[PDB]
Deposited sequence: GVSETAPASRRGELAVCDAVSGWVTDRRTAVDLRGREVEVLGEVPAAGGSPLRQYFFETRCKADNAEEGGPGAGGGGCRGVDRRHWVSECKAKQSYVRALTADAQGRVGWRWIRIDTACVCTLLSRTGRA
């Protein structure tokens, strides 16, 4: 399905650091399986395509007549084996549109 901010999703296999629930940087263990995270970010601009819905651009479909918008990454907490123990860490889970304005 088509959205207002084009998302790009994947498996993060090399995350070694992350900011935890307290605002601090914690070491992310490389394995436990082997420790992965499912991450979601915004699409980056593409020179053949252009137009809206990308990474730090105006969101597809918003009315430019009344609004100024921006696709930005949204974060959530995932349980992670860190350093040693399970800690909640911030990972990118979506590209959401924000209306910062009132054109």
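- Missing C-alpha coordinates mark the following deposited-sequence intervals, in order: 1-12, 45-51, 103-107, 128-130.
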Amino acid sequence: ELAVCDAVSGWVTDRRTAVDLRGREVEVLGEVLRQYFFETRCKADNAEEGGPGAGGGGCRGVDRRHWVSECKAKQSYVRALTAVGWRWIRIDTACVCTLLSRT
From here on, numbers count along this sequence of modelled residues.
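- For the pair 82-90 and 19-27, the mean Cα B-factor is higher in 19-27.
- Between the stretches 51-59 and 64-72, it is 64-72 that shows the larger average CA temperature factor.
- Split the chain's modelled residues into thirds by C-alpha temperature factor. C97 is in the lowest one.
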